[PDB]
């Protein structure tokens, strides 16, 4: 299966996040790193982008997910706000799944959409900038989790967020 080779972009990462040495993994620490505050860096929300974004075409990757609450992942428009506390909503240009309250959610607004998908281990993300959609599938049977249909009007970046300790996200391949 042809998947994009992605690495987490340390210049974007919230300083509380810990990125693995291979730049595939992210979790939350309780120590803020002393990092330079670039305009691209998420200074309050616990977010990081991949270093690669996309303006056209179709792209796949997979995300290995922790069993416990605290993560959300998907894609963000490049213009996603980086500074101060921002909402985690489609209006803010984030299109994500989340594990919170021991429930899986598609992060719709104003109310999140609870998913009855069973336990998740690894999720395939299918980003389609030709038709305007981002879809999520559980890898065991490729059951469909959710599709956001979006007329994306800018470059779209893989998005990861971890807002509590005790969980993680990891990029494959």
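Numbering follows the first chain given and starts at 1.
The PDB entry records a higher mean C-alpha B factor for 26-34 than for its counterpart among 63-71 and 26-34.
Set 106-114 against 37-45 and average the Cα temperature factors; 37-45 ends up higher. Among the modelled residues of its chain, residue 171 has a C-alpha B-factor that falls in the middle third, as given in the PDB entry.
In the deposited entry, the Cα temperature factor of residue 101 places it in the highest third of its chain's modelled residues. Ranked by Cα temperature factor within the chain, residue 162 sits in the lowest third according to the deposited record. Ranked by C-alpha B-factor against the other modelled residues of its chain, residue 52 falls in the highest third. Among the modelled residues of its chain, residue 124 has a C-alpha B-factor that falls in the lowest third according to the deposited record.
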